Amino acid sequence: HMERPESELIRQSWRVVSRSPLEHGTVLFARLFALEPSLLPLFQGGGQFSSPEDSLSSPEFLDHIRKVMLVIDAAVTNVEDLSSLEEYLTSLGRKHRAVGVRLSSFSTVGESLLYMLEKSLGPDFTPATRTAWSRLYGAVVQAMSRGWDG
């Protein structure tokens, strides 16, 4: 349950972001690392003390930014009803727990998301657009938090 006018604020703004997902994704992660810098070591080359062993164990950053935005894409596609994605999102959450990402970190992503959108859109980031994106992202996180034994 999210109604057409709000779904449409989301579809439109996402269209602008979708012109350049890596560029905007990089803004999201930069804010993210400013807020939680301890997440950096989870990516290939994000360590101060790591060998080339991480390159295969760990995700590469720009590649993973693509994956993040693809998942957000699916959420947008299902903005009006998100239940067909809960299976997946519960599975994705489990993966993030498995490699040491705290649930609390996904809040920091939310802020970073709103920050990216705000930079991306300026006055077009209307209060209703911000609120709707909180609801949408919160719903995504809700589904994902299922993978944390909770």
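Throughout, we count residues from 1 along the sequence that is shown.
- Relative to its counterpart among 45-53 and 93-101, 45-53 has the higher mean temperature factor, C-alpha atoms as listed in the PDB entry.
- Comparing 4-12 with 141-149, the stretch with the higher mean C-alpha B-factor in the PDB entry is 141-149.
- You'll see in the entry that, of 85, 113, 68, 35, the Cα B factor peaks at 85.
- Residue 58 sits in the highest third of its chain by CA B factor, as recorded in the PDB entry.
- In this PDB entry, residue 119 carries a Cα temperature factor that places it within the highest third of its chain's modelled residues.
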